[PDB]
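Give me a 3D structure for the following:
(4 chains)
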Amino acid sequence: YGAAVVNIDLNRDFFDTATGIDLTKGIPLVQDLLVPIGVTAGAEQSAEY
Amino acid sequence: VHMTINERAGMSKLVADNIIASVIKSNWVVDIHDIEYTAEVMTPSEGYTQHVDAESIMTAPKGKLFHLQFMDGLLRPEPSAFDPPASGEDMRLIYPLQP
Amino acid sequence: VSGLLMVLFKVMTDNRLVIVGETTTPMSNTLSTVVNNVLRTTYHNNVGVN
Amino acid sequence: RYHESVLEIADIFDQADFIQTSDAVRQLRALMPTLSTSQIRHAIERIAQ
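Residues are numbered from 1 along each chain as shown, chains lettered A, B, ... in the order given. Now the structure:
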């Protein structure tokens, strides 16, 4: 009694960090896939979505 | 001027300090487009933890999704009957432009 | 005059095959629209001035 | 009468063994930045590990 918002999304568990899946923000964010090319990645990228 | 940016790319400061000035003092409704972010509605009781600022929402990069967080604020009881008024309360500079 | 002869001489030599030195393939996400319209796919990490 | 661009979906055929993925894969290709080649191997390589 007294819950503000109750929303649904991807499971934090199934896609555990094991499979690179990381939705600590809300979006399945991967870090090893469409990586850049001849340069370093961007501390944060959309493309990371 | 419902002005809308697109390629918030070249832009510098000066002009960006100017458009923020103008959306505060002259009531313009500017608008970003290429700033894909992720939001998280976080409930009244506490605060807004991660806090941004227009100096940096223009002077931020291009394919980088920054994280903004709006507040639900539908479940925040009322003020007491007997309290010290207010005087000039605040509103809010940025909104999402979808749901 | 001899200066012209030398800047002509280096051009008569040279030589210099070119190999692909450095690749940068950006993300179309990461580029402004104009710099994406000019850019083709890959470039060299030292571009020039144009 | 401004033409209008949508997605066909290969239901013209009416098959079994032919016709496998739906139009979902489409929206998915549309989200990802144009890949080069080393970039396809990079993304594919990351999935291998």
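
For chain C, list the residues in contact with chain B, please.
Residues of chain C found near chain B (Cβ under 8 Å from any Cβ of the partner chain) are C:27, C:29, C:30, C:31, C:32, C:33, C:34, C:35. From N, CA and C alone the C-beta is placed, and that goes for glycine too.

Mark which of these are buried, thanks.
With burial judged by 16 or more other Cβ atoms under 10 Å in any protein chain shown, the buried subset of the residues of chain C next to chain B is C:27, C:29, C:30, C:31.

ok so, going back, near chain D too, which of the residues of chain C next to chain B?
C:27, C:29.

Up against chain B, what does chain A have?
A:2, A:4-5, A:25-27, A:42-49.

and these, which are buried?
Among the residues of chain A next to chain B, those classed as buried by 16+ other Cβ under 10 Å are A:25, A:42, A:45, A:46, A:47, A:48.

which of these lies closest to residue B:71?
Using Cβ to Cβ, residue A:25 is the member of these that sits closest to residue B:71, with 16.5 Å.

Next, the contact list for the closest residue to the closest one other than its chain neighbours, please.
Among residues not flanking residue A:25 along the chain, residue B:38 sits closest, at 5.1 Å (Cβ to Cβ, 6 or more residues apart in numbering or on different chains). Residues near residue B:38 by Cβ atoms under 8 Å, 6 or more residues apart in numbering or on different chains: A:25, A:26, A:27, B:65, B:66, B:67, B:68.

Kindly tell me how buried residue D:39 is, as a neighbour count.
Neighbourhood size, residue D:39 [other Cβ atoms under 10 Å in any protein chain shown]: 19.

Could you do the one 5 residues further on as well?
Using other Cβ under 10 Å, residue D:44 has 12 neighbouring residues.

Need phi/psi at it.
Residue D:44 adopts backbone torsions of phi -70, psi -40, taken as degrees, to the nearest 10.

cool, residue D:25 as well?
Dihedral angles (degrees, to the nearest 10) for residue D:25: phi -50, psi -30.

How many neighbouring residues does it have?
Residues lying near residue D:25 (other Cβ under 10 Å) number 10.

List the contacts of it.
Not one residue lies near residue D:25 by Cβ under 8 Å, 6+ apart.

Residue B:29 versus that one, what's the distance?
According to Cβ to Cβ, to the nearest Å, residue D:25 stands 38 Å off from residue B:29.

And what about whichever residue of chain D sits closest to chain A, helix, strand or coil?
Chain A sits closest to residue D:46 of chain D, with a gap of 3.9 Å, by Cβ to the nearest Cβ. Classification of residue D:46 using DSSP: H, G, I helix; E, B strand; the rest coil returns helix.

That one - nearest residue in space that isn't next to it in sequence?
In space, residue D:46 is closest to residue A:32, 3.9 Å off (Cβ to Cβ, 6+ apart).

tally of neighbours for the closest residue to chain A within chain C?
Closest contact between chain C and chain A, by Cβ to the nearest Cβ, is at residue C:25 (3.3 Å). Counted with other Cβ under 10 Å, the neighbours of residue C:25 add up to 19.

Now for it: which residues touch it?
Here residue C:25 is in contact with A:36, A:37, A:38, C:41, C:42, D:36, D:38, D:39 (Cβ under 8 Å, 6+ apart).

where's it relative to residue D:44, distance?
15 Å.

what's the answer for residue A:29, then?
19 Å.

so what's the residue of chain D found nearest chain B closest to, chain neighbours aside?
Residue of chain D nearest chain B, by Cβ to the nearest Cβ: residue D:33 (8.2 Å). Spatial nearest neighbour of residue D:33, chain neighbours left out: residue C:28 (4.5 Å); criterion: Cβ to Cβ, 6+ apart.
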